[PDB]
Each structure stands twice: as structure tokens, then as C-alpha cells.
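Enquirer: To start, I am sharing the structure in question, which I have written as C-alpha cells.
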Amino acid sequence: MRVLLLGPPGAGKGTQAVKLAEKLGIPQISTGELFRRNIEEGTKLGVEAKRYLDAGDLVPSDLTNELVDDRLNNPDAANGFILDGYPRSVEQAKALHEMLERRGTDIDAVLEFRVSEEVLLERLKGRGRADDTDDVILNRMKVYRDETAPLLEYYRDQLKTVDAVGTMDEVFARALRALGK
């Protein structure tokens, strides 16, 4: 069995994705982490395709599903994998649905997180940067407007939800209540 981790901007996501990978025995692949490591190494598809996937200009499908398959290492990830933050937009995300149903991988849970504005307010309303954002938040709000209504029809027929606000150990109790038991 297998999981994909969905939700708008708002801190709560990756903390119960790494904790649920410790319970099940899986590769948790977050799409910013392996790509940021290729920015320090010096690839050239690391830096444009990671900024694009986070800032909001157009990123190609085949290289992004090639780096996901490199951290499958698949004779170990054919019956499991936890992805976080890859279906942001119906146009990149329909290539991953063409490979789960058309390629023919396990469908357990698309796990979408219901999270409040307060998580972004940790999400540096507390102390973390110096307006690299504002302009990156405006281009991300452009990719929010093109897709969110058609995206919630496709994934609203497919998904399971988690509530995720404030608390650490209570929010993990709701994440297994949706997926593990």
C-alpha cells in the first residue's frame, strides 16, 4: 500500500509524513529536499525545476517523475512510497495519475491536510527570513487560482482528509485514524 500528501501553504504536512514513514517502513520523498541537495551539488535541472515547483512558473513532467523514480529505488518501493507536495496543479499532477492508474501502482490514500492561517504564521510570522517571499507568494497565488476548484473535484472524489492545526501528538492521532487504524 501507498500514500500521496496534499494541502495548501501552511506548516503541517511533512512532520506527520516522516513520522508515518517511521511506522510503515517507507521512503518519504518531499520534492524540495532532494532538489535543494542537487542545487548545492550543481546539476542545472535542480535549480530551475525546484524554483518553478516552489515559485510558480512552468516545470516539465518527465525529469520530475525521473528524480521521484531515482528515490523509489523501486525493488524496495514497488509496494510502498510516501510523496509530499507534488500534486500542486492539475497540469503537473495528471502525469502522476496517468502513472498510478496507467502504470498500475497501489491506490491506498491521497491524504489532504485541513490547516489554518496560524501555521503559516509560524511559517515566518514568528522569525525566519527577509522577503524572498511576497513576490514568491504572489506567483504561488497565481498557480492557486488556475487549478484549486478543478483540483478539489478530481482529488475530492479520490481522497481521505487529515485535520492539522496547532498540536503535535493529537494531529498524529487523526493521521492514523484516516490511514493506519
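Chain identifiers are assigned as A, B, and so on, following the order in which chains appear in the C-alpha cells; residues are numbered from 1 within each chain, and ligands are numbered from 1 in order of appearance.
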If we count only C-alpha atoms, what is near residue 14 of chain A at a cut-off of 12 Å, once residues fewer than 5 positions away on the same chain are taken out, given as a list in words?
Expert: residues 4, 5, 6, 7, 9, 19, 20, 21, 28, 29, 30, 31, 32, 33, 82, 83, 84, 85, 111, 113, 164, 168, 172 and 175 of chain A
Enquirer: Store the residues picked out above, limited to C-alpha atoms, as a PDB file, in the first residue's frame.
Expert:
ATOM      1  CA  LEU A   4       0.421  10.904  -1.520  1.00  0.00           C
ATOM      2  CA  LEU A   5       0.393  14.038   0.786  1.00  0.00           C
ATOM      3  CA  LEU A   6      -1.677  17.107  -0.333  1.00  0.00           C
ATOM      4  CA  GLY A   7      -2.647  20.582   1.040  1.00  0.00           C
ATOM      5  CA  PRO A   9       0.689  26.554   2.054  1.00  0.00           C
ATOM      6  CA  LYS A  19       6.567  10.091  11.399  1.00  0.00           C
ATOM      7  CA  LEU A  20       4.133   7.864   9.307  1.00  0.00           C
ATOM      8  CA  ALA A  21       7.230   6.626   7.215  1.00  0.00           C
ATOM      9  CA  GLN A  28       9.239   9.736   2.460  1.00  0.00           C
ATOM     10  CA  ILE A  29      10.216  11.811  -0.657  1.00  0.00           C
ATOM     11  CA  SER A  30       9.493  15.556  -0.159  1.00  0.00           C
ATOM     12  CA  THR A  31      10.002  17.385  -3.536  1.00  0.00           C
ATOM     13  CA  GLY A  32      12.011  20.302  -2.088  1.00  0.00           C
ATOM     14  CA  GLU A  33      14.686  18.209  -0.205  1.00  0.00           C
ATOM     15  CA  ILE A  82       5.025   8.414   0.741  1.00  0.00           C
ATOM     16  CA  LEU A  83       5.266  11.543  -1.537  1.00  0.00           C
ATOM     17  CA  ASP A  84       4.697  15.130  -0.122  1.00  0.00           C
ATOM     18  CA  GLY A  85       3.991  18.347  -2.131  1.00  0.00           C
ATOM     19  CA  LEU A 111      -4.137  12.429   2.137  1.00  0.00           C
ATOM     20  CA  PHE A 113      -4.452  18.424   5.084  1.00  0.00           C
ATOM     21  CA  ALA A 164      -3.876  19.600  11.317  1.00  0.00           C
ATOM     22  CA  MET A 168       1.767  17.791  17.501  1.00  0.00           C
ATOM     23  CA  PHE A 172      -0.697  12.368  14.580  1.00  0.00           C
ATOM     24  CA  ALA A 175      -3.425  10.915  10.642  1.00  0.00           C
TER      25      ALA A 175
END
Enquirer: Set the distance at 10 Å and use only C-alpha atoms: which residues neighbour segment 120-134 of chain A once local chain neighbours fewer than 6 positions away are removed? I'd like the list as a VMD selection string.
Expert: chain A and resid 9 to 12 55 140 166
Enquirer: Using only C-alpha atoms, determine which residues lie at most 8 Å from residue 92 of chain A, disregarding the query and same-chain residues fewer than 5 positions distant; provide the list as a PDB file with C-alpha atoms, in the first residue's frame.
Expert:
ATOM      1  CA  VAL A  59       8.221  22.938 -14.879  1.00  0.00           C
ATOM      2  CA  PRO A  60       8.470  19.784 -17.285  1.00  0.00           C
ATOM      3  CA  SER A  61       6.850  16.415 -16.210  1.00  0.00           C
ATOM      4  CA  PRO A  87       0.234  17.497  -6.964  1.00  0.00           C
TER       5      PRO A  87
END
Enquirer: Figure out the distance between atom CA of residue 152 of chain A and atom CA of residue 167 of chain A, please, to one decimal in Å.
Expert: 25.6 Å
Enquirer: Find the spatial neighbours of segment 42-45 of chain A, counting only C-alpha atoms, within a cut-off of 10 Å - ignore same-chain residues fewer than 4 positions away - and output them as JSON, numbers by chain.
Expert: {"A": [35, 36, 37, 38, 49, 50, 59, 60, 63, 64]}
Enquirer: For segment 100-106 of chain A, work out the shell of residues within 7 Å, counting only C-alpha atoms and skipping chain neighbours fewer than 2 positions away, then give it as a PyMOL selection string.
Expert: chain A and resi 1-2+79+96-98+108
Enquirer: Keeping N, CA and C atoms, export the residues of the selection given above as a PDB file, in the first residue's frame.
Expert:
ATOM      1  N   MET A   1       0.830  -1.227   0.000  1.00  0.00           N
ATOM      2  CA  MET A   1       0.000   0.000   0.000  1.00  0.00           C
ATOM      3  C   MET A   1       0.873   1.291   0.000  1.00  0.00           C
ATOM      4  N   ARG A   2       0.208   2.404  -0.349  1.00  0.00           N
ATOM      5  CA  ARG A   2       0.873   3.648  -0.772  1.00  0.00           C
ATOM      6  C   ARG A   2       0.131   4.968  -0.466  1.00  0.00           C
ATOM      7  N   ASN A  79       5.755  -1.945  -3.700  1.00  0.00           N
ATOM      8  CA  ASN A  79       4.561  -1.949  -2.811  1.00  0.00           C
ATOM      9  C   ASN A  79       4.558  -0.806  -1.723  1.00  0.00           C
ATOM     10  N   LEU A  96       1.389  12.172 -12.813  1.00  0.00           N
ATOM     11  CA  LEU A  96       1.399  11.203 -11.679  1.00  0.00           C
ATOM     12  C   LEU A  96       0.129  10.288 -11.573  1.00  0.00           C
ATOM     13  N   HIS A  97      -1.100  10.785 -11.851  1.00  0.00           N
ATOM     14  CA  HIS A  97      -2.316   9.933 -12.002  1.00  0.00           C
ATOM     15  C   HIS A  97      -2.287   9.013 -13.269  1.00  0.00           C
ATOM     16  N   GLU A  98      -1.828   9.504 -14.444  1.00  0.00           N
ATOM     17  CA  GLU A  98      -1.507   8.649 -15.627  1.00  0.00           C
ATOM     18  C   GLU A  98      -0.519   7.471 -15.330  1.00  0.00           C
ATOM     19  N   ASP A 108      -3.914   3.404  -2.053  1.00  0.00           N
ATOM     20  CA  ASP A 108      -4.482   3.462  -0.674  1.00  0.00           C
ATOM     21  C   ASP A 108      -4.971   4.905  -0.429  1.00  0.00           C
TER      22      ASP A 108
END
Enquirer: Pick the closest to residue 3 of chain A from A:112, A:54, A:76, A:69: which is it, counting only C-alpha atoms?
Expert: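 Among the listed residues, A:112 lies closest to residue 3 of chain A.
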Enquirer: Suppose you want the space between atom CA of residue 156 of chain A and atom CA of residue 99 of chain A; what is it in Å?
Expert: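 Atom CA of residue 99 of chain A lies at a distance of 19.2 Å from atom CA of residue 156 of chain A.
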Enquirer: For a quick check of understanding, using only C-alpha atoms, which of A:15, A:148, A:161, A:89 has the smallest distance to residue 52 of chain A?
Expert: A:89
Enquirer: From the list A:39, A:151, A:67, A:78, which residue is nearest residue 8 of chain A when using only C-alpha atoms?
Expert: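 Closest residue, counting only C-alpha atoms: A:151.
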Enquirer: What is the atom CA of residue 51 of chain A to atom CA of residue 142 of chain A distance in Å?
Expert: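 Between atom CA of residue 51 of chain A and atom CA of residue 142 of chain A the gap is 14.8 Å.
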Enquirer: Measuring between only C-alpha atoms, which one of A:117, A:65, A:40, A:56 shows the shortest distance to residue 137 of chain A?
Expert: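 Between A:117, A:65, A:40, A:56, the residue approaching residue 137 of chain A most closely is A:56.
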Enquirer: Could you check which of A:160, A:144, A:71, A:93 is closest to residue 180 of chain A, using only C-alpha atoms?
Expert: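 With only C-alpha atoms as the atom set, the closest residue is A:160.
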Enquirer: If you run DSSP on this backbone, which residues of chain A come out as strand (DSSP E), and could you give them as a PyMOL selection string?
Expert: chain A and resi 3-6+28-30+82-84+109-114+160-163
Enquirer: Output C-alpha atoms of each residue in that selection to a file, as a PDB file, in the first residue's frame.
Expert:
ATOM      1  CA  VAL A   3       0.290   7.395   0.117  1.00  0.00           C
ATOM      2  CA  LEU A   4       0.421  10.904  -1.520  1.00  0.00           C
ATOM      3  CA  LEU A   5       0.393  14.038   0.786  1.00  0.00           C
ATOM      4  CA  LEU A   6      -1.677  17.107  -0.333  1.00  0.00           C
ATOM      5  CA  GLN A  28       9.239   9.736   2.460  1.00  0.00           C
ATOM      6  CA  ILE A  29      10.216  11.811  -0.657  1.00  0.00           C
ATOM      7  CA  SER A  30       9.493  15.556  -0.159  1.00  0.00           C
ATOM      8  CA  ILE A  82       5.025   8.414   0.741  1.00  0.00           C
ATOM      9  CA  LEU A  83       5.266  11.543  -1.537  1.00  0.00           C
ATOM     10  CA  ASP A  84       4.697  15.130  -0.122  1.00  0.00           C
ATOM     11  CA  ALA A 109      -4.659   7.246   0.255  1.00  0.00           C
ATOM     12  CA  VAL A 110      -4.369  10.752  -1.229  1.00  0.00           C
ATOM     13  CA  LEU A 111      -4.137  12.429   2.137  1.00  0.00           C
ATOM     14  CA  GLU A 112      -5.191  16.180   2.011  1.00  0.00           C
ATOM     15  CA  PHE A 113      -4.452  18.424   5.084  1.00  0.00           C
ATOM     16  CA  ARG A 114      -7.052  20.900   6.506  1.00  0.00           C
ATOM     17  CA  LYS A 160      -9.046  10.958   2.709  1.00  0.00           C
ATOM     18  CA  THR A 161      -8.570  14.175   4.873  1.00  0.00           C
ATOM     19  CA  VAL A 162      -6.456  14.983   7.990  1.00  0.00           C
ATOM     20  CA  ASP A 163      -7.225  17.942  10.372  1.00  0.00           C
TER      21      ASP A 163
END
